[PDB]
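*Asks:*
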Ligand SMILES: CC(=O)N[C@@H]1[C@@H](O)[C@H](O[C@@H]2O[C@H](CO)[C@H](O)[C@H](O[C@]3(C(=O)O)C[C@H](O)[C@@H](NC(C)=O)[C@H]([C@H](O)[C@H](O)CO)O3)[C@H]2O)[C@@H](CO)O[C@H]1O
Ligand SMILES: CC(=O)N[C@@H]1[C@@H](O)[C@H](O[C@@H]2O[C@H](CO)[C@H](O)[C@H](O[C@]3(C(=O)O)C[C@H](O)[C@@H](NC(C)=O)[C@H]([C@H](O)[C@H](O)CO)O3)[C@H]2O)[C@@H](CO)O[C@H]1O
Ligand SMILES: *[C@@H]1O[C@H](CO)[C@@H](O[C@@H]2O[C@H](CO)[C@@H](O)[C@H](O)[C@H]2NC(C)=O)[C@H](O)[C@H]1NC(C)=O
Ligand SMILES: *[C@@H]1O[C@H](CO)[C@@H](O[C@@H]2O[C@H](CO)[C@@H](O)[C@H](O)[C@H]2NC(C)=O)[C@H](O)[C@H]1NC(C)=O
Ligand SMILES: CC(=O)N[C@@H]1[C@@H](O)[C@H](O[C@@H]2O[C@H](CO)[C@H](O)[C@H](O)[C@H]2O)[C@@H](CO)O[C@H]1O
Ligand SMILES: *[C@@H]1O[C@H](CO)[C@@H](O)[C@H](O)[C@H]1NC(C)=O
Ligand SMILES: *[C@@H]1O[C@H](CO)[C@@H](O)[C@H](O)[C@H]1NC(C)=O
Ligand SMILES: *[C@@H]1O[C@H](CO)[C@@H](O)[C@H](O)[C@H]1NC(C)=O
Ligand SMILES: *[C@@H]1O[C@H](CO)[C@@H](O)[C@H](O)[C@H]1NC(C)=O
Ligand SMILES: *[C@@H]1O[C@H](CO)[C@@H](O)[C@H](O)[C@H]1NC(C)=O
Ligand SMILES: *[C@@H]1O[C@H](CO)[C@@H](O)[C@H](O)[C@H]1NC(C)=O
Ligand SMILES: *[C@@H]1O[C@H](CO)[C@@H](O)[C@H](O)[C@H]1NC(C)=O
Ligand SMILES: *[C@@H]1O[C@H](CO)[C@@H](O)[C@H](O)[C@H]1NC(C)=O
Ligand SMILES: *[C@@H]1O[C@H](CO)[C@@H](O)[C@H](O)[C@H]1NC(C)=O
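Residue numbers (the working numbering), protein chains in the order written: chain X, 1327 to 1812; chain Z, 1327 to 1812; chain E, 984 to 1470.
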């Protein structure tokens, strides 16, 4: 007859690290790092994104002859663009303030194209010869579909003076361009006026431009250039145009309502018809964990990016007729702490749910607190700087590197500390049980020093159950123990 | 005859949360979050801020007729401006590099207005006709008070050549502008010359401008525009002007001395005859606490911004014929740990001074270290970007959000873990007292197991005080205890 | 006759601070803050930096006459420049996009100067009179050595048209400028053309410029101005020039290959002929500690910057023949951390326990090594490159630096204090464990004096004492002896 105190053990082989030891085996463990994704593009909060395929924002807006597929998108949440678009600008040139326009057009609540100036509004100018071989369409020269290129008619170029009243209830996006010739002979052949100018004016815009005739290298077989501009028109504002040559008039305008912000996404993966909350260039994330290591660039409410490859929290016990000093019992299955009973009546294991419940609740509460004490908010990450803005890009890189280092260090140190804290908490609990059963039986038995007590007298199964309950009668067997001694 | 060990208890109801349990009840607690403000604008380190009421910086500088009376306030620390100023640029137009001037005019010492070019310096030009209905004054047309609008005289407009030494010992701020006409007839009516230009040159400035004549939408009944410029003149530099029309000449200049930097606050709160160290748009704060949740935008030496609503540290014990493991003692005032005594003379309470003093010192040191290990620096937070710089604004927002998240997470985790440690720090000392008295007692008494010892022999008040002091004589009562043992 | 427990103590006077106490004396301690530097400028990863001495970047590129140090360094890691260079621009003027060019002129893999337009290519223009007193050389007027100032010849200025087709296999850097006159008479005397223009065009460049004639202040005795421009030419592109006056044609071009990125250091320290890994304007840092307080501006893989002056991590014992619960100043034990002091008729000695000491030292070493090693360090170049009209971005960067500094300082100090508190308990727990292990083996054969010793009733000699240290004790052997000794 003897009674011993031990702890649960199993065949688990999971390993964790503490501040002082490394590769400590535990019975149970939990991971708090996310490392998986679905590998597809899916909707953000029920709003389908916009996919431009092989086109670009400028080509889509200006109406490139090879990018007319996209004509119906009521709204979108973010824009997906290929890293190296093929069809961007058939005619060589540039667009002013491209990056700001892209950032503004990132997220649009409502989008619709309307016609503001019919082609019949130019009786004294030719509107059918404005084509070039640099913009082929089905093997024939063509031009942008959203603008019209005006040339002289009957060897005359009368001055142009028109204005537009905005009568719609939303803002309008308008684009126009100017063409640079190559030499004086070409300028005379195209516009008949050696000197030309363009004047554009609104309630807040005041612009005046002149052509720049010079010699330039060939791009796409053309030496000329075209520069385009854009503006936003108020609901009750008006815009006035005036020019006498080298003018590319607008034909279509876009009705735009903006009530949010986002960024532009560079990826090559395909659509997947899902709904998600966080999006990455290589897939989507559906995890509640506070840390991840998938990709730096993310859109939406996402966990924090860290460098570490493993963050495991220890939740179980230290894996390994005896006692708690030697090791953990394998015969016990229910509970974490308990007693192994043994006498002439029988043998077996009995668990102590009172402390096991407290330990389980404490561990679960710690894990839940660590997971849920993190605050997240909507964010958009991307690269939105051109060649001549390297300093700001370097500053942003400093931002990201510093934040990454801070988060990595904090997470690693927190995990390393908490593992050891949990282990010593378990040791304290088992020792508390051991001296709880102590100080009650008194001198009726002796402690072998291995975590067990050998009763001098005979303690029945009811007596042992009462001992487990915490109620024991010492004078009942005091005399039996006394004459048992020696 | 028995001696028992216990701890303090009271009628408190404060609650604190640990890493394992939520709102256990404690006797005493302290808050380390600031949530109060006076709701008024105070001076910053004894320096009056600048309040523009219903004006704007450009309107105040240029001298809008309905806006400014006179300068006052030779020095200031920061500028308070309303969200939507009413009087600003009565004549439609714009000011070049407005944001840079706004930022540079934040904190200024010895700001004084002087006159450089008297109106008598224009004998061949008209100076009393430059008025417009767009800037009325007491029901009559007027103009800006700091500049002069020049008109042709006797149907002529001779060329203007003027230069100015800066003989003063401080930097000088000068402003000028150019006017855009509407048509050729209006240009001829205002100035004889049909083609005009403006040339401005200093040791580091080289500018040449020409008017732009076009059709624009009317604002405030005027279709014209005026653009203004500014520059800083060195203490021994000179500035040269040259124009032949469409020239707005300066009349007054400001002597400026700058050392430091601040920002501009958008608020509507009134002044309160106050002196603070940290200022917010909704009020002023002074405190020593490391964290606050009042307003994201702050100026001065302010605590860190967090999102949490409650941050409470525990500085006491766990609240709830007795013993250690029963609960607290309501009846024993004046102490944290102590002994309850009961002999045949009577019963009462006594406290251990040394352990209580040590615990109080430790808790106070912990709280003071947590509060005082924080480093504070002067900072100015505000929004200083226009509509065409959205990317930098997004970068600043990412800045602020990341810092807020880091601080919130760190503060919450630290508070929880320190509460955990402090809550069970006291149990070690109480256990130490218990086994200390048990060690001195040895086997002269019997342990009831609830935290007391039943004395076999008689222990008078002198003996009881000796036991508390730590001077017990085992051989004195050993024989009596042996006889009583049977 | 008795056995006692204690711990090692010595004569060290190191002091550490915990969360609850201050001025705590410890036996051993280790610092994790770096505060020393060699005070020299040394190479970065075997690549010698570029030292410009008293010449600025613009003067070095344009070929200032007073910067005759035409030493060739094919590859450099970073640029060292004085705070206030003296020889910058002999002729007053400005350089467009100066800051971007300076940023791009950081670490360069390959650099070489070649001639693209010989002076013989101007038969109808004068190329020998383009000198000024503002650029002296050995007491004579001179000009920049990389550009040519063209003047009218035979009272005529024919229009200039030229192109250059890039046959090299690397990118090319080209610079050109335009001169502003003072009045109509000077313009007529210099170029004979009242109205002039400059046209430059490449596959991606389209620029047109016109002179601005006005009255300006006198700088270096000259009232004129000169504005310069730069561009990058692709390996198979060409550049076309066209002007009729006020033109400064290029003569030499730079052939450049760029791979990485760096910044510019402002310092006055001398060269040191080293090979370091982290650089600082006041010296070089050679250390593995995670924190330092030398200088905010650094280049390369460097530790974090904090405002603290001391960061000491406790790794020893509480410094101050009975011990265990009274002062454990056992100066006799000099061979371990925990042990026993024994005494009987044969003699006395200070034995030590190897297992507990090994466990404690392994744990402390693992803690210190983990704290030191769990640092992520990446290459970062920190500088201050912003002009007078970009103060807002500079303020943003300053806020960045201040916030990061505050976060790191607070975290480091709190971690150090808390870890010292944690470490100052493990030793006491080990001592207590050893004490109870010593107990429950003698049971009732000895009297626990409570001062930290046990006094055996029976007679135990050196062999029995060694056995009880070994963990093997024969209780029944001396049970009857303890019984008869008990009164
Ligand atoms: C060896 C020889 O003589 N070869 C010529 C060959 O050079 C010539 O090419 C024409 O060259 C001009 C440049 O001087 C243009 O590039 C012509 O291109 C087109 C185009 O882009 O399709 C023709 C088109 O009709 C034009 N459109 C309008 C609205 O005017 C445009 C336009 O002029 C330019 O783009 C303006 O910059 O140019 C190109 O064909 C050919 C002519 O066919 O003849 C060979 O013999
Ligand atoms: C139905 C009808 O015929 N109504 C006219 C009415 O249009 C006309 O108005 C004047 O209109 C002109 C535009 O053509 C200007 O807007 C006049 O404005 C003033 C002003 O701002 O007060 C007059 C002032 O004297 C001018 N100041 C100077 C220094 O020259 C300025 C100046 O010309 C402009 O601001 C330059 O852009 O304009 C406005 O009064 C009136 C004329 O009284 O007659 C009605 O019959
Ligand atoms: C901690 O105290 C709060 C009381 O402030 C308890 O939270 C309340 O829970 C009830 C129902 O469970 C809700 O109806 C209240 O709205 C809660 N109060 C607040 C302020 O949210 C909470 O239960 C306590 N903690 C635990 C573990 O019981
Ligand atoms: C503005 O006036 C000052 C003072 O008269 C001029 O500085 C003087 O210049 C003359 C000749 O240039 C010197 O002889 C004096 O010694 C200078 N005086 C001082 C106090 O420096 C200055 O030149 C004038 N401005 C300009 C543009 O010439
Ligand atoms: C008072 C006077 O007439 N002085 C002139 C000098 O100005 C002149 O020096 C030349 O001045 C021009 C400016 O007009 C220019 O700066 C030349 O570079 C400079 O050499 C000098 C010529 O030798 O003659 C004096 O009489
Ligand atoms: C800890 O375990 C891992 C996994 O097997 C192993 O790679 C590593 O070397 C171990 N560490 C030590 C110090 O042995
Ligand atoms: C545009 O038309 C509306 C409708 O009459 C009018 O109110 C508005 O003034 C017009 N815009 C301008 C600039 O006159
Ligand atoms: C995400 O995962 C959860 C399980 O963790 C699953 O129930 C859910 O359907 C998944 N998808 C979404 C959109 O939440
Ligand atoms: C708690 O007890 C103190 C001690 O007298 C008393 O002053 C206080 O009012 C009591 N509080 C409550 C809520 O009863
Ligand atoms: C903070 O404000 C209070 C007024 O509510 C004032 O009594 C206190 O003295 C202030 N703090 C300091 C340091 O002056
Ligand atoms: C401390 O002890 C060491 C070890 O012998 C000795 O070398 C050193 O000189 C001592 N220091 C002092 C100040 O006595
Ligand atoms: C701790 O030591 C320093 C250094 O000698 C001393 O200045 C400081 O006052 C000490 N702390 C206390 C509380 O005395
Ligand atoms: C430069 O030379 C190559 C060599 O054939 C030629 O193909 C290329 O067209 C030339 N560049 C230009 C702009 O013509
Ligand atoms: C860096 O410090 C270590 C440690 O003393 C030394 O061995 C090494 O030589 C140092 N490196 C250089 C380049 O001096």
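Quick reminder that beta carbons are idealized off the backbone N, C-alpha and C, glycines included.
#1: Would residue 1378 of chain E count as contacting chain Z if we go by Cβ distances under 8 Å?
#2: Taking the straight line between their C-alpha atoms, what separation do you get for residue 1738 of chain X and residue 1357 of chain E?
#3: I'd like to know if the stretch 1274-1284 of chain E and the stretch 1070-1079 of chain E are in contact, where contact means that at least 3 CB-CB pairs between them fall below 8 Å.
#4: So who's on the other strand from residue 1773 of chain X, going by DSSP bridges?
#5: Would you verify that the beta carbon of residue 1300 of chain X is, or is not, closer than 8 Å to some beta carbon of chain E?
#6: Kindly list the residues whose CB is nearer than 8 Å to the CB of residue 1703 of chain X, restricted to its own chain and excluding five residues on each side of it in sequence; keep chain order.
#7: Between the alpha carbons of residue 1371 of chain Z and residue 1689 of chain Z, how many angstroms are there, rounded?
#8: Consider the Cβ of residue 1513 of chain E: report whether some Cβ of chain Z lies at a distance smaller than 8 Å.
#9: Shorter than 8 Å from the beta carbon of residue 1417 of chain E to some beta carbon of chain Z?
#10: For the stretch 1531-1558 of chain Z, which residues have a CB atom closer than 7 Å to at least one CB atom of chain X, in sequence order?
#11: Taking residue 1801 of chain Z as part of the alpha helix (DSSP H), name the residues at either end of that continuous run.
#12: Answer yes or no: the CB of residue 1702 of chain X versus the heavy atoms of ligand 8, is any distance below 7 Å?
#13: Can you pull the chain B neighbours of residue 1692 of chain X, defined as C-beta to C-beta under 9 Å?
#14: Report all residues for which the CB-ligand distance to some heavy atom of ligand 7 is below 5 Å; order them along the chain.
#15: Taking 8 Å as the cut-off, decide whether the C-beta atoms of residue 1519 of chain Z and residue 1550 of chain Z are in contact.
#16: How is the alpha helix (DSSP H) around residue 1043 of chain E delimited, first residue to last?
#17: By the three-class DSSP mapping on this structure, what secondary structure does residue 1455 of chain X have?
#18: Going along the chain, which residues of the stretch 1755-1789 of chain X sit with their C-beta nearer than 7 Å to a C-beta in chain Z?
#19: Enumerate in chain order the residues of its own chain whose CB-to-CB distance from residue 1656 of chain X is below 7 Å, with the five nearest sequence positions on each side excluded.
#20: Mind checking which residues open and close the alpha helix (DSSP H) that includes residue 1517 of chain Z?
#21: List the residues that DSSP assigns as beta-bridge partners of residue 1621 of chain X.
#22: For residue 1351 of chain X, which residues in the same chain have their Cβ closer than 6 Å to its Cβ, ignoring the five residues on either side in sequence?
#23: Can you give me the start and stop residues for the beta strand (DSSP E) that residue 1728 of chain Z sits inside?
#24: Ends of the beta strand (DSSP E) at residue 989 of chain E?
#25: What does the alpha-carbon distance come out to for the pair residue 1146 of chain E and residue 1393 of chain X?
#26: Taking DSSP's pairing of strands, which residues face residue 1353 of chain X in a bridge?
#27: Is the stretch 1566-1580 of chain X in contact with the stretch 1473-1488 of chain X, if contact means three or more CB pairs nearer than 8 Å?
#28: So, does the CB of residue 1023 of chain E fall closer than 8 Å to a CB anywhere in chain X?
*Replies:* Taking the structure as given:
#1: yes
#2: 8 Å
#3: no
#4: X/1779
#5: The requested residue 1300 of chain X does not occur in the structure, where chain X is confined to residues 1327 to 1812.
#6: 1627
#7: 34 Å
#8: As displayed, chain E neither begins before 984 nor continues past 1470, which places residue 1513 of chain E out of reach and without an answer.
#9: no
#10: 1538, 1540, 1541, 1542, 1543, 1545, 1551
#11: 1800-1810
#12: no
#13: Considering every chain present, this structure includes no chain B. Its protein chains are X, Z and E.
#14: X/1491, X/1564, Z/1543
#15: no
#16: 1040-1045
#17: coil
#18: 1765, 1766
#19: 1335
#20: It is not in any alpha helix (DSSP H) - residue 1517 of chain Z carries neither H nor E in the DSSP assignment.
#21: In DSSP, residue 1621 of chain X forms no bridge with anything.
#22: 1341, 1645
#23: Note, residue 1728 of chain Z: premise wrong, no beta strand (DSSP E); alpha helix (DSSP H) at 1716-1767.
#24: 985-990
#25: 36 Å
#26: Paired residues: none, contrary to the question.
#27: yes
#28: no
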